[PDB]
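1. here is the sequence, then the experimental structure:
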Amino acid sequence: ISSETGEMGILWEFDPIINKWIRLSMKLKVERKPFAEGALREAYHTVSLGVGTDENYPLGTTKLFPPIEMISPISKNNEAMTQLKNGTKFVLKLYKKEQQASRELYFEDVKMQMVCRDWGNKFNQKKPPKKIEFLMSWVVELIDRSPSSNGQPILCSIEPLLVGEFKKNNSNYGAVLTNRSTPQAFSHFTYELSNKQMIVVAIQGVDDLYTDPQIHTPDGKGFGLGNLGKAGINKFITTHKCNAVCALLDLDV
Ligand SMILES: Nc1ncnc2c1ncn2[C@@H]1O[C@H](COP(=O)(O)OP(=O)(O)OP(=O)(O)O)[C@@H](O)[C@H]1O
Ligand SMILES: [Zn+2]
């Protein structure tokens with residue numbers, strides 16, 4: 001953590017393999033205006049002023065989210081310390097004018113992204129023609145900012161900066177928006193290999209470095225408000241045509 005000058009944040013990293021959140025602190029400097037926006041969020045260029053521990057910001061005043069038993073007591077090891085080290089340029093995302101964004105939802109979005117990141121590794125283990133990867137994402141509590149009209153602290157999510165032409169390959173409701181095979185085959189892979197317990201769609205990013213994915217599950221629970229359940233899964237099916245990569249992976253037509 002550097003001096004000076006920016007704003008402090010509590011930084012949360014989820015680690016799927018121990019199934020725990022890792023709580024840290026960082027300092028960051030964010031541009032006043034967004035460089036981009038989509039249906040739900042605005043994105044801002046940001047630079048890291050370093051990552052440190054959470055010692056100064058005691059947890060549990062009580063009523064915790066995430067609850068204490070979901071939090072690692074040790075945080076010495078994490079991705080943030082290298083990927084957001086001092087001087088790193090990265091992206092910060094805020095929900096637009098939010099009504100429906102509870103605290104739990106931000107953590108849901110980050111966890112969802114980490115799950116998708118596991119699916120990417122699993123896809124890559126089949127050695128397809130093009131490997132894929134999902135970016136890290138983290139929750140940040142912007143503790144230096146005045147709480148909202150309702151007294152909630154300001155939350156956001158952050159992720160690495162993608163350099164290149166950002167493209168959306170499918171949506172979370174049936175749209176197939178480019179001719180590329182790998183993104184559609186990856187979505188189908190997740191459906192079949194999960195035994196239809198889930199699907200990853202809204203495959204989008206620069207080349208095969210993806211971010212902002214969306215998972216549908218049949219019960220429609222969790223995975224944020226973009227989880228459209230069976231309906232989302234079925235929409236994907238109606239517009240999906242298998243391609244050579246699906247064939248290479250031996251997926252059912
Ligand atoms: N990591 C990144 N690096 C560079 N640009 C990004 C990155 N993530 C998002 N963007 C840009 O910011 C825009 C909005 O971000 P994002 O897609 O995460 O939110 P959203 O648009 O609300 O989600 P959706 O469009 O799927 O509803 C994107 O459409 C893209 O132009
Ligand atoms: Zn297919």
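-> Yep, that arrived. Numbers count the residues shown, from 1 in each chain. Ligands and ions are numbered 1, 2, ... in the order given.

2. make it CA atoms for all contacts and neighbour counts henceforth
-> Will do.

3. domain map for this structure?
-> For the chain, curated CATH domains gives the domain ranges 1-163, 164-253.

4. which one of these has the most crowded surroundings?
-> domain 164-253 (a mean of 18; mean count of other C-alpha atoms under 10 Å).

5. ends of it, what's the gap?
-> 33 Å (C-alpha to C-alpha, to the nearest Å).

6. now swap in stretch 212-231 and tell me
-> 20 Å.

7. close to ligand 1, is that stretch?
-> Yes - Stretch 212-231 lies within reach of ligand 1 by C-alpha under 6 Å from any ligand atom, at residue 212.

8. show me what that stretch is in contact with.
-> 105, 108-109, 111-113, 116, 172, 197-204, 232-233 (C-alpha atoms under 8 Å, 6 or more residues apart in numbering).

9. next one: stretch 49-63
-> Residues outside stretch 49-63 that contact it (C-alpha under 8 Å, 6+ apart) are 1-4, 6, 10, 23-29, 75, 80-81, 84-88.

10. return the subset of those residues lying in helices.
-> If you go by DSSP state H, the contacts of stretch 49-63 have 80-81 in helices.

11. tell me the SS of the residue nearest to the spatial centre of the chain?
-> Taking C-alpha atoms, centre = their mean as the criterion, residue 113 is the residue nearest the geometric centre of the chain, at 3.4 Å. Using DSSP: H, G, I helix; E, B strand; the rest coil, the structure places residue 113 in helix.

12. and the strands in the chain?
-> Using DSSP state E, the strands of the chain run over 7-15, 20-30, 36-37, 41-52, 89-95, 133-134, 138-141, 155-160, 167-168, 199-201, 204-206, 209-210, 214-216.

13. give me the spatial nearest neighbour of the residue of the chain found nearest ligand 2, chain neighbours excluded.
-> Closest to ligand 2 within the chain is residue 242: 3.4 Å, counting by C-alpha to the ion. Distances taken as C-alpha to C-alpha, 6 or more residues apart in numbering put residue 253 closest to residue 242, at 6.5 Å, once the chain neighbours are dropped.

14. what's the distance between that neighbour and residue 246?
-> 8 Å.

15. for residue 164, same thing?
-> Taken as C-alpha to C-alpha, the span from residue 164 to residue 246 is 26 Å.

16. again with residue 238
-> If you go by C-alpha to C-alpha, the gap between residue 238 and residue 246 works out to 16 Å.

17. sweet, I'm off.
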